[PDB]
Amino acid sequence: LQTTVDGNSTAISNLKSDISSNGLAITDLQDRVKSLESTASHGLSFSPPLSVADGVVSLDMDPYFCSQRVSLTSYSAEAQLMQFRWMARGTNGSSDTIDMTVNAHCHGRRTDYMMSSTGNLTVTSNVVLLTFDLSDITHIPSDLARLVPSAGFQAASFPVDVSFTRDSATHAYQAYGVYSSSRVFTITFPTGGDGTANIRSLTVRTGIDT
C-alpha cells in the first residue's frame, strides 16, 4: 500500500511534466497563429482593369488598344477599311446636302476618314457648316463603334482638311470640326468667296480617337 501511493505519485509527476510540455507547445502555436493572422497579403482584392478568376489574376485588355506578347503591347484587333456613302448637311451658309463617298480606316482606336464627293453644294456666304450625323450614312456599317469618338476626344474641336473646286480653281483650307453629340459632328470652312456660288469635288480628311 505505501508502494502503491508512492509509485502513483511518481507517475503523476511524470504526467505533470508532459502536460507542461503540451502547455508550452500550445503557447508557441498560439504565437505562430497570431503572426500568421497578421499576414498583410491576406484579404487582397483587385480593382479593374485587374481581375481574379479561380485564383488567377489577369489584366483585362481592350483588344482595340492593347494586348500581350509576354509584355503589354499595342492593339491586336484587326484593322478595317470601311467604305460607305454619307449625306452631309449644309447649314449656316448653305441649305444644300452633298453625297460623300467615305473610306474610314480603322486601326486600333484611331479612325481616319477620307471623303470625296460627287455633285456639289450651293453656298451663300464666305463660310459654311457641314454636318455628318451617323443617321445619314446610306447603309450603316455593322461596326458602328468605330465611327463614334471617345468621350475624351469629343471634348475639343479637331482639325479637318478640306478642298474643293470653285470657279474652275481648287481651294484648300485647314479647317476644324466639333462633335455636338456622340453621333454628330459639324465642320466649318471657308467657301473661297462671297455670295451665291457652287462648290464641287469636295474632299474632307480628318480622323478621330474612338
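Just count from 1 along the sequence shown to find any residue number.
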{"property": "Mean temperature factor over C-alpha atoms, higher-scoring stretch between 80-88 and 133-141", "result": "133-141"}
{"property": "Of 95-103 and 115-123, the one with larger mean CA B-factor", "result": "115-123"}
{"property": "Deposited CA B-factor, highest of 163, 68, 181, 41", "result": "41"}
{"property": "Third of the chain's Cα B-factor distribution that residue 58 belongs to, per the entry", "result": "middle"}
{"property": "Ranked against its chain, the third holding the CA B-factor of residue 201", "result": "middle"}
{"property": "Chain-relative CA temperature factor third for residue 17", "result": "highest"}
{"property": "Chain thirds of CA B-factor: placement of residue 188", "result": "lowest"}
{"property": "Lowest, middle or highest third - CA B-factor, residue 36", "result": "highest"}
